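K.L.:
Take this structure, written in structure tokens, and hold onto it; I'll ask about it next.
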2 protein chains.
Amino acid sequence: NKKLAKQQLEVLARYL
Amino acid sequence: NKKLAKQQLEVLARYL
């Protein structure tokens with residue numbers, strides 16, 4: 001749950 | 001500035 005939230009936040013920072 | 005903000009924010013995410 002939170003780990004997946006965080007995985008996505010990370011991937012966003014990567015994308016941008 | 002913002003790029004450094006962002007780099008760090010995500011080294012952070014990676015850590016946890």
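If you're wondering about the labels, chains in the structure tokens are A, B, ... by order shown, residues count from 1 in each chain, ligands from 1 in order shown.
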Using every C-alpha atom paired in order, could you least-squares fit chain B onto chain A and give me the moved chain as a PDB file with N, CA and C atoms, in the first residue's frame?
P.N.:
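Output file selection.pdb is given in full below:
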```pdb
ATOM      1  N   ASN B   1       0.708  -1.079   0.131  1.00  0.00           N
ATOM      2  CA  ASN B   1      -0.069   0.153   0.166  1.00  0.00           C
ATOM      3  C   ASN B   1       0.858   1.364   0.117  1.00  0.00           C
ATOM      4  N   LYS B   2       1.488   1.662   1.256  1.00  0.00           N
ATOM      5  CA  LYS B   2       2.435   2.769   1.304  1.00  0.00           C
ATOM      6  C   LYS B   2       3.630   2.502   0.397  1.00  0.00           C
ATOM      7  N   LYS B   3       4.114   1.258   0.376  1.00  0.00           N
ATOM      8  CA  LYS B   3       5.232   0.914  -0.498  1.00  0.00           C
ATOM      9  C   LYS B   3       4.888   1.183  -1.960  1.00  0.00           C
ATOM     10  N   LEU B   4       3.640   0.916  -2.356  1.00  0.00           N
ATOM     11  CA  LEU B   4       3.222   1.192  -3.729  1.00  0.00           C
ATOM     12  C   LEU B   4       3.104   2.694  -3.978  1.00  0.00           C
ATOM     13  N   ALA B   5       2.509   3.424  -3.021  1.00  0.00           N
ATOM     14  CA  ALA B   5       2.557   4.889  -3.027  1.00  0.00           C
ATOM     15  C   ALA B   5       3.945   5.389  -3.383  1.00  0.00           C
ATOM     16  N   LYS B   6       4.942   4.779  -2.764  1.00  0.00           N
ATOM     17  CA  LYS B   6       6.282   5.331  -2.725  1.00  0.00           C
ATOM     18  C   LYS B   6       7.001   5.000  -4.015  1.00  0.00           C
ATOM     19  N   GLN B   7       6.818   3.755  -4.455  1.00  0.00           N
ATOM     20  CA  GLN B   7       7.334   3.304  -5.730  1.00  0.00           C
ATOM     21  C   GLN B   7       6.861   4.231  -6.803  1.00  0.00           C
ATOM     22  N   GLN B   8       5.557   4.510  -6.814  1.00  0.00           N
ATOM     23  CA  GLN B   8       5.041   5.322  -7.896  1.00  0.00           C
ATOM     24  C   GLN B   8       5.604   6.735  -7.799  1.00  0.00           C
ATOM     25  N   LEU B   9       5.461   7.380  -6.616  1.00  0.00           N
ATOM     26  CA  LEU B   9       5.986   8.731  -6.375  1.00  0.00           C
ATOM     27  C   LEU B   9       7.385   8.882  -6.947  1.00  0.00           C
ATOM     28  N   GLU B  10       8.181   7.822  -6.882  1.00  0.00           N
ATOM     29  CA  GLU B  10       9.538   7.979  -7.362  1.00  0.00           C
ATOM     30  C   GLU B  10       9.695   7.620  -8.846  1.00  0.00           C
ATOM     31  N   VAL B  11       8.889   6.700  -9.394  1.00  0.00           N
ATOM     32  CA  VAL B  11       8.873   6.592 -10.861  1.00  0.00           C
ATOM     33  C   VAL B  11       8.542   7.959 -11.445  1.00  0.00           C
ATOM     34  N   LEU B  12       7.645   8.666 -10.769  1.00  0.00           N
ATOM     35  CA  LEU B  12       7.280  10.030 -11.111  1.00  0.00           C
ATOM     36  C   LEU B  12       8.478  10.967 -11.111  1.00  0.00           C
ATOM     37  N   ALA B  13       9.158  11.046  -9.960  1.00  0.00           N
ATOM     38  CA  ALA B  13      10.318  11.915  -9.852  1.00  0.00           C
ATOM     39  C   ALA B  13      11.295  11.619 -10.972  1.00  0.00           C
ATOM     40  N   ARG B  14      11.588  10.334 -11.190  1.00  0.00           N
ATOM     41  CA  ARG B  14      12.461   9.910 -12.280  1.00  0.00           C
ATOM     42  C   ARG B  14      12.010  10.485 -13.612  1.00  0.00           C
ATOM     43  N   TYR B  15      10.705  10.425 -13.884  1.00  0.00           N
ATOM     44  CA  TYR B  15      10.206  10.896 -15.170  1.00  0.00           C
ATOM     45  C   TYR B  15      10.552  12.354 -15.381  1.00  0.00           C
ATOM     46  N   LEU B  16      10.267  13.203 -14.393  1.00  0.00           N
ATOM     47  CA  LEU B  16      10.476  14.626 -14.652  1.00  0.00           C
ATOM     48  C   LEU B  16      11.952  14.985 -14.483  1.00  0.00           C
TER      49      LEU B  16
END
```
